[PDB]
S.K.: 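Just passing along the structure, written as structure tokens.
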Amino acid sequence: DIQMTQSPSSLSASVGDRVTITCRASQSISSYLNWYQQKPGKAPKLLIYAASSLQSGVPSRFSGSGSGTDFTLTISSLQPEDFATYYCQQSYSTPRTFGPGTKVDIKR
Amino acid sequence: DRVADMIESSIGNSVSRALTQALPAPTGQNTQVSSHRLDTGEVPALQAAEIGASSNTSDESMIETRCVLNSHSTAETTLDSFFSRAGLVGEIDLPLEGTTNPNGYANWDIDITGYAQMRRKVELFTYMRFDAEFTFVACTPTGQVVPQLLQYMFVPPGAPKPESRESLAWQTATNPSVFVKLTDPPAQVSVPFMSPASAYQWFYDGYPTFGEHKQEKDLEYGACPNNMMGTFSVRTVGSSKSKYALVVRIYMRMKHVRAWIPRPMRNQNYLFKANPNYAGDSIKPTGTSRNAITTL
Amino acid sequence: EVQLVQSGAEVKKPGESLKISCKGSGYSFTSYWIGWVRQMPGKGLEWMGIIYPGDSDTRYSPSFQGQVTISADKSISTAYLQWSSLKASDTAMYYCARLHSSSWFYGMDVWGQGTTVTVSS
Amino acid sequence: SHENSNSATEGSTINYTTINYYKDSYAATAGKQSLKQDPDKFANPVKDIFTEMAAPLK
Amino acid sequence: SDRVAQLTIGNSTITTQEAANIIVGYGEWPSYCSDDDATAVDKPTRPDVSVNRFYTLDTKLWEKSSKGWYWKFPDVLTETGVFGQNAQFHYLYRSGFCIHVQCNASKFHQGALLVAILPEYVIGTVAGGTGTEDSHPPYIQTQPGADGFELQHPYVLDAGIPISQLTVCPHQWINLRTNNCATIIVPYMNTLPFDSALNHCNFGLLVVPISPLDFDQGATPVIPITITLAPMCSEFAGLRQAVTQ
Amino acid sequence: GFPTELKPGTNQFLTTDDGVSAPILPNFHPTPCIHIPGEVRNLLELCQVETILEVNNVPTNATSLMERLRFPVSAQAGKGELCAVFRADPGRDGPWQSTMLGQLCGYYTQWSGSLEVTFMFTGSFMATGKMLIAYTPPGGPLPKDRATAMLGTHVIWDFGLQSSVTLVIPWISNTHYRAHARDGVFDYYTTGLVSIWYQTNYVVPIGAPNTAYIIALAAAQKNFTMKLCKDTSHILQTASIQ
Ligand SMILES: CCCCCCCCCCCCC/C=C/[C@H](O)[C@H](N)CO
């Protein structure tokens, strides 16, 4: 079983900020990390697949990078709708573990 | 010529060393009976498109075919079967009271790139050498046939272009001219290949003249004097203004055609005469689109 | 439009048998994996399994194999998450998803509404 | 016959059977063009030719 | 017997071990102008050894977002070596070319370059975007010289013609998994037996990535594309003072 | 005064009439023709040259029109997945409009003969995979799975030192000629479908891209012919040339 972890467990920022979260895998999934966005009381929404490919209908401010064991999701300019929980899962093996989750909240 | 390098020299070898030969193909290629192939080493199906050549695979080597005697003719895909069709190349308007040609005379620079169909047909090739058949159909804007006498004059480059309906050039002592009536059938003449070069080139990657090429004289880029065959002047034959507004449509039918250097066909809307300009903010895909690559 | 519609809010008791359905519309059915995701109240997403309906092929998570059965009726285009004996630890939101059309390695690209299962006495 | 040979296709490897009523050869009918094709000029312009059964890159 | 090749001309040699073949444009080898086709009566000069040799042009960098580039011939060599000097000193020029595009990568890189030769490659302007102003390209864009010019709209080849049909002309593909070089031998194409090397460009060499470059992090991120070319059967006539344009 | 009787069709101007017209320049001789490379005698010569077939005609915006010239192939689940699909009608609106054969067919009403589509794999050298390219003759709907597509004509393609394969679409027609198919009654002239499925998988080792692209190049065989020339409708002009 591949164990996925995310860092930081939760970060805070304001509109226009540059958010960045990291996902670490126990094993060496090549580039099969998927980033999902889930808002409270809503279903998960695929943002990034293949660790870099932007899903259709996603704003360009989302960027995926990394491979092997280290991956990163970056929001160039954080927006009000970008304050949600971001999960990383590995699709390389079965089971396809989900990340613990990283929550982004408005800072004050 | 004593040194050995001169004796065994290939300098001056003017013969064209061509690796191909044209063969008669009056009909489509026949099909041969082919059975299963269960072997190793030879793979007709597999190609290498990196070489830059088309696939030489055939039906016989990919499926089990039957003997088909193909008598379908290839005669309709020749250049004359494709270009010996008159098409609208020009339109000239002599209105009674307007601004385009209000003095009963008009000069039209001979250029067959003013209309999409004929232009896109001809520009399939880079070089073309042909004779032409020009037909002139004159009538009123509504299409009525009226009793009017018109003079068509061909003014090669360097001849005095008429500046008025009663200028001296209309004496046509040496310029070929046609006097026609609107009630007569449409005029029709045949023109030879009159370029100083061996063929008309619809594309000229260069500048006609030497010197500095600054921003002002950029419109001369692509201008080939070898294609500037002159002017076509049309007037109403008379000292007084004509009674009717007129329109003369010029249709060109190429014949004895030869073409060189086929090139990709235009997929963007033409914008200007004798110019490959295109709308940069309206670039469209060559064909239609679809939502997905797995649904049709 | 490609969409997945689930059964709906479900309330049961600890020891009955439940079978949560999810129907996919707007696309084929025997061409894409579906799979199920569990989210315990206040927790994150947990992958349960994947089902390929055409020639039903099921991959299970080790932590869920033996507790649930993922199946798929291709005739009606509906996946199922049958339970044999509900436990008190089955209260959660269950999402039926659909993996990326371009490749099953590209995650779950379509998501259903979600079914809230609540088992208590 | 006895007329100017000043057509655009004179001096070429093509056959023409045209009709003319004037002394200028370019005023003649288009006629028929010999059905000779050279696909390999554009389709297989390789210096070293390969056969169908032969893998092109050996 | 087909992937290894050695192109030797003048005092220059190119050895390639991942070649595909030699494409002879339109199945016609370059030749000298014949006496019947000759127009000018003065005796042309044939400096062949000093001009018929491989000159290496600039080096472009293939990226993952590269659109493509085009060069104009003989505009690239008008300022290079004895060939350039002869072109500037003479009014009439004639020659074919052997063009060799080089692009080597590892066996883990992937991508496809289309290398084509389009005769009379006239560059079209965007006509002010909306297609209302009869703008014309500047002199640098129509004759970019040895440095070349980068395509703005490779789909229409900056001329309104589809890239998809550019294989109608003599061409090859540099597919990184198959070959790392492409060789096209193009004859002298023109409606005139001779022409000026400073005003008219016989053709344009287009290098366009059809399949985008792609590799993995850690692999060499620099993938150069080099353009070498050899004039062949070069002839010059009309000798006077040297003129650059 | 030789008696004559002019018949109907007198004075009519027929644009496709091969006749004798009055020359304007007597005793004129054209500039002699020098040898120019690349002479074209028949249009079919250009039909046998392979031009890029835009199977991936999903994108429309001008920023990503180059992505239309190749379609992706990635690692799958080994379930005989469908890579791509298109129609085999060369004179019909779709992927074929981008080909030289497709544009030349727009100028002719009827066509006959076999087609060829060469697929070139532009992935890495270390990537392996097998595809199944299937031509389904007319009448058969779009195959729902690889097992159904295997019933029509097909070729199994293995990536290797030869980066390209050729699917020859044979001339399987009830009529000696086919008009250009389109939605409606003329779908009777449909040629069939072409479907690309995964045969085994797209495999690749560590350190190479997980995705590659396939480029399609369509052409016509030597039995191909066209008939009944006409005016094309692929492109129509607006804002008349200025
Ligand atoms: C009594 C009137 C006779 C009219 C004579 C017209 C002369 C016809 C000469 C051939 C025309 C060649 C077609 C023109 C070429 C192109 O449009 C441009 N000049 C080059 O792009």
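Each ligand, and each atom within it, is numbered from 1 in the order the structure gives. In what follows, chains carry the letters A, B, and so on, assigned in the order in which the sequence lines appear, proteins first and then strands, with residues in each chain numbered from 1. No hydrogens, no waters, no symmetry mates; every other heavy atom, side chains included, goes into these values.
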S.K.: side-chain hydrogen bond (donor to acceptor under 3.5 Å, both in side chains) with D/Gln33: which residues, sequence neighbours excluded?
M.R.: D/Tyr16
S.K.: Angle between ring planes, B/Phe210 versus E/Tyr91, binned at 30° and 60°: parallel, tilted or perpendicular?
M.R.: tilted
S.K.: Counting only heavy atoms from other residues, nucleotides and ligands, does the tally under 6.0 Å from CD of B/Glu91 exceed 12?
M.R.: yes
S.K.: Does B/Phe82 reach the side chain of B/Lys121, with side-chain heavy atoms less than 4.5 Å apart?
M.R.: yes
S.K.: Pick out the protein N or O atoms lying less than 3.5 Å from any N or O of ligand 1, and list each pair with its distance.
M.R.:
from: ligand 1; atom 1: 17 (O); to: B/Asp111; atom 2: OD2; distance (Å): 3.4
from: ligand 1; atom 1: 17 (O); to: B/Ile112; atom 2: N; distance (Å): 2.7
from: ligand 1; atom 1: 19 (N); to: B/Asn227; atom 2: O; distance (Å): 2.8

S.K.: Taking distance alone, no hydrogens or angles, what donor-acceptor pairs closer than 3.5 Å link side-chain atoms of residues 144-153 of chain B to residues at least two apart or in another chain?
M.R.:
from: B/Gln148; atom 1: OE1; to: B/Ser242; atom 2: OG; distance (Å): 2.9
from: B/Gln151; atom 1: OE1; to: B/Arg235; atom 2: NE; distance (Å): 2.7
from: B/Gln151; atom 1: OE1; to: B/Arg235; atom 2: NH2; distance (Å): 2.6
from: B/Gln151; atom 1: NE2; to: B/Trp170; atom 2: O; distance (Å): 3.0
from: B/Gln151; atom 1: NE2; to: B/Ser177; atom 2: OG; distance (Å): 3.2

S.K.: Run the side-chain hydrogen bond (donor to acceptor under 3.5 Å, both in side chains) test against B/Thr78 and tell me which residues pass, sequence neighbours left out.
M.R.: B/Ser81
